[PDB]
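Coordinates from start-v8.json are shown below (JSON, C-alpha atoms).
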[["chain", "number", "residue", "atom", "x", "y", "z"],
["A", 10, "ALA", "CA", 114.99, 49.99, 86.29],
["A", 11, "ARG", "CA", 111.24, 49.40, 86.39],
["A", 12, "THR", "CA", 109.51, 52.81, 86.97],
["A", 13, "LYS", "CA", 107.28, 53.73, 89.93],
["A", 14, "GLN", "CA", 104.81, 56.62, 90.26],
["A", 15, "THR", "CA", 106.16, 58.69, 93.23],
["A", 16, "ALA", "CA", 106.08, 62.13, 94.85],
["A", 17, "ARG", "CA", 107.87, 63.95, 97.71],
["A", 18, "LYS", "CA", 105.52, 64.83, 100.52],
["A", 19, "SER", "CA", 106.00, 68.37, 101.87],
["B", 2, "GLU", "CA", 109.76, 61.68, 102.33],
["B", 3, "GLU", "CA", 109.36, 60.23, 98.82],
["B", 4, "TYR", "CA", 106.38, 57.82, 98.63],
["B", 5, "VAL", "CA", 104.56, 55.84, 95.98],
["B", 6, "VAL", "CA", 101.46, 57.60, 94.66],
["B", 7, "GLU", "CA", 98.25, 55.73, 93.94],
["B", 8, "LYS", "CA", 96.06, 58.36, 92.22],
["B", 9, "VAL", "CA", 95.94, 62.08, 91.54],
["B", 10, "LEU", "CA", 92.51, 63.14, 92.80],
["B", 11, "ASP", "CA", 92.32, 66.88, 92.28],
["B", 12, "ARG", "CA", 94.21, 69.89, 91.15],
["B", 13, "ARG", "CA", 94.33, 73.55, 92.25],
["B", 14, "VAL", "CA", 96.29, 76.73, 91.52],
["B", 15, "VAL", "CA", 97.23, 78.64, 94.66],
["B", 16, "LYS", "CA", 99.78, 81.45, 95.17],
["B", 17, "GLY", "CA", 101.24, 81.01, 91.73],
["B", 18, "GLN", "CA", 101.72, 77.24, 91.89],
["B", 19, "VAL", "CA", 99.84, 74.19, 90.63],
["B", 20, "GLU", "CA", 99.15, 71.66, 93.36],
["B", 21, "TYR", "CA", 97.69, 68.17, 93.16],
["B", 22, "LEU", "CA", 95.79, 66.21, 95.69],
["B", 23, "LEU", "CA", 97.48, 62.84, 96.05],
["B", 24, "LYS", "CA", 96.20, 59.53, 97.35],
["B", 25, "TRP", "CA", 99.31, 57.74, 98.57],
["B", 26, "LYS", "CA", 99.69, 54.01, 97.81],
["B", 27, "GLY", "CA", 98.93, 51.79, 100.81],
["B", 28, "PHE", "CA", 97.86, 54.79, 102.96],
["B", 29, "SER", "CA", 94.21, 55.61, 103.95],
["B", 30, "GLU", "CA", 92.50, 58.61, 102.35],
["B", 31, "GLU", "CA", 92.89, 60.51, 105.63],
["B", 32, "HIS", "CA", 96.64, 60.74, 104.71],
["B", 33, "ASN", "CA", 96.00, 62.52, 101.35],
["B", 34, "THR", "CA", 97.99, 65.74, 100.89],
["B", 35, "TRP", "CA", 98.19, 68.58, 98.34],
["B", 36, "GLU", "CA", 101.68, 68.77, 96.80],
["B", 37, "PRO", "CA", 103.02, 71.29, 94.39],
["B", 38, "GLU", "CA", 103.75, 70.09, 90.88],
["B", 39, "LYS", "CA", 107.53, 70.27, 91.55],
["B", 40, "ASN", "CA", 107.17, 67.47, 94.07],
["B", 41, "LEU", "CA", 105.49, 65.04, 91.67],
["B", 42, "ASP", "CA", 107.22, 62.14, 89.88],
["B", 43, "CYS", "CA", 104.07, 60.54, 88.59],
["B", 44, "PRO", "CA", 103.41, 61.91, 85.11],
["B", 45, "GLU", "CA", 101.16, 59.05, 84.08],
["B", 46, "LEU", "CA", 98.90, 59.60, 87.12],
["B", 47, "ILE", "CA", 98.60, 63.31, 86.27],
["B", 48, "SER", "CA", 97.72, 62.16, 82.71],
["B", 49, "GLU", "CA", 95.04, 59.78, 83.95],
["B", 50, "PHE", "CA", 93.66, 62.67, 86.04],
["B", 51, "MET", "CA", 93.69, 65.06, 83.05],
["B", 52, "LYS", "CA", 91.41, 62.70, 81.25]]
Whole structure given in structure tokens:
Amino acid sequence: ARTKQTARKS
Amino acid sequence: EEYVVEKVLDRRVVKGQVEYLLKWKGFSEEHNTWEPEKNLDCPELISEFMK
């Protein structure tokens, strides 16, 4: 439940 | 395909979309990529950038 900074890579 | 982001380095507007240049956590800078805003799940990194 701790957050993480993420993104999908194209 | 989802990866942890380290920093948002730059921003551009191209073809009607905002894109951000991402430094991925644990990856060298030669793996940086532009990603449209819809791909981002790092609001606090965008905020740090916008300062």
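Selected on chain B by distance to chain A: residues 2, 3, 4, 5, 6, 7, 8, 23, 25, 26, 33, 34, 35, 36, 37, 38, 39, 40, 41, 42, 43, 44, 45, 46 and 47 of chain B (within 10 Å, counting only C-alpha atoms).
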Practice task
Could you check how far CA of residue 51 (chain B) sits from CA of residue 21 (chain B), in Å to one decimal?
Solution key: 11.3 Å
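Computed from the coordinates, the CA of residue 30 (chain B) to CA of residue 13 (chain B) distance equals 18.1 Å.
Here CA of residue 24 (chain B) stands at a distance of 9.7 Å from CA of residue 11 (chain B).
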Since the input lacks some atoms of chain A, please model N, CA and C atoms and print them as a PDB file, in the frame of the given file.
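Here's the written file part-v3.pdb:
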ATOM      1  N   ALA A  10     115.206  49.120  87.482  1.00  0.00           N
ATOM      2  CA  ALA A  10     114.990  49.990  86.290  1.00  0.00           C
ATOM      3  C   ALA A  10     113.529  50.100  85.901  1.00  0.00           C
ATOM      4  N   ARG A  11     112.696  49.249  86.481  1.00  0.00           N
ATOM      5  CA  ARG A  11     111.240  49.400  86.390  1.00  0.00           C
ATOM      6  C   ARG A  11     110.837  50.766  87.018  1.00  0.00           C
ATOM      7  N   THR A  12     109.861  51.477  86.459  1.00  0.00           N
ATOM      8  CA  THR A  12     109.510  52.810  86.970  1.00  0.00           C
ATOM      9  C   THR A  12     108.494  52.652  88.088  1.00  0.00           C
ATOM     10  N   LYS A  13     108.358  53.661  88.943  1.00  0.00           N
ATOM     11  CA  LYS A  13     107.280  53.730  89.930  1.00  0.00           C
ATOM     12  C   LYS A  13     106.722  55.159  89.909  1.00  0.00           C
ATOM     13  N   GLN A  14     105.436  55.295  90.205  1.00  0.00           N
ATOM     14  CA  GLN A  14     104.810  56.620  90.260  1.00  0.00           C
ATOM     15  C   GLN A  14     105.050  57.130  91.689  1.00  0.00           C
ATOM     16  N   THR A  15     105.869  58.185  91.868  1.00  0.00           N
ATOM     17  CA  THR A  15     106.160  58.690  93.230  1.00  0.00           C
ATOM     18  C   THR A  15     106.009  60.207  93.353  1.00  0.00           C
ATOM     19  N   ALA A  16     106.058  60.686  94.590  1.00  0.00           N
ATOM     20  CA  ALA A  16     106.080  62.130  94.850  1.00  0.00           C
ATOM     21  C   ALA A  16     106.753  62.354  96.199  1.00  0.00           C
ATOM     22  N   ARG A  17     107.377  63.519  96.389  1.00  0.00           N
ATOM     23  CA  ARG A  17     107.870  63.950  97.710  1.00  0.00           C
ATOM     24  C   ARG A  17     106.714  64.584  98.464  1.00  0.00           C
ATOM     25  N   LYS A  18     106.574  64.264  99.731  1.00  0.00           N
ATOM     26  CA  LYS A  18     105.520  64.830 100.520  1.00  0.00           C
ATOM     27  C   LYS A  18     106.077  65.977 101.316  1.00  0.00           C
ATOM     28  N   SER A  19     105.439  67.140 101.274  1.00  0.00           N
ATOM     29  CA  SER A  19     106.000  68.370 101.870  1.00  0.00           C
ATOM     30  C   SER A  19     106.306  68.230 103.373  1.00  0.00           C
TER      31      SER A  19
END
